[PDB]
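Quick setup: one chain, the form deposited without the named molecule, written in structure tokens, and binding and motion questions come after.
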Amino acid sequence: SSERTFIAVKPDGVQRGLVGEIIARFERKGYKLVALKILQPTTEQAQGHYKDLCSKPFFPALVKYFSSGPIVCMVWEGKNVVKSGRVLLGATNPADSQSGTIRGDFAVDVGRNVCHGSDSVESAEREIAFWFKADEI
């Protein structure tokens, strides 16, 4: 109903001109866009995104990539939008993703994988609050 999810087109996804493609697939699914913007994330913001990999190898490499160019931030809304989001995006690692999904169709690298989606309603609410102010939504 009023369930929401966060979708981000990463710098590689924007540079490859995949923004419209991704938006269109959520539109085709019948979902509603209630927040949308473009920004080059700050180092502090990228760190926040990969927050739980803080103590893993080459965490700065990921932060660097994530803030290397503008991304497109989105909030979609509708029944089961979070689950639909991962169905549409496909497996996080393109090696496991199948054809017909975003990563299946366009992604190869597991680091630079074109886009991100919340994996839960839990993570969604956190992610949306981080990138958007309440008035933007």
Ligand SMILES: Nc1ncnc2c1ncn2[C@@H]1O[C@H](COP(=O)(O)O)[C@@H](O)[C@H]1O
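The first residue of the shown sequence is 1; numbering continues from there.
Only in words, not in the display: the form solved in complex with the named molecule, which the text now covers.
- No atom of the named molecule, overlaid from where it sits in the entry with it bound, falls within 2.4 angstroms of a backbone or C-beta atom of the displayed form, which makes the pocket open.
- The shortest heavy atom separation between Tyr50 and the named molecule in the entry with it bound is within 4.5 Å.
- When the named molecule is considered in the entry with it bound, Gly30 lies well away from it, no heavy atom lying within 4.5 Å.
- Contact between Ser84 and the named molecule in the entry with it bound is not found at the 4.5 Å heavy atom cutoff.
- Among residues of the shown chain, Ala35 is not one whose heavy atoms approach the named molecule to within 4.5 Å in the entry with it bound.
- The candidate stretches are 22-30, 40-48, 70-78, 55-63, and the one lying within 4.5 Å of the named molecule in the entry with it bound by heavy atoms is 55-63.
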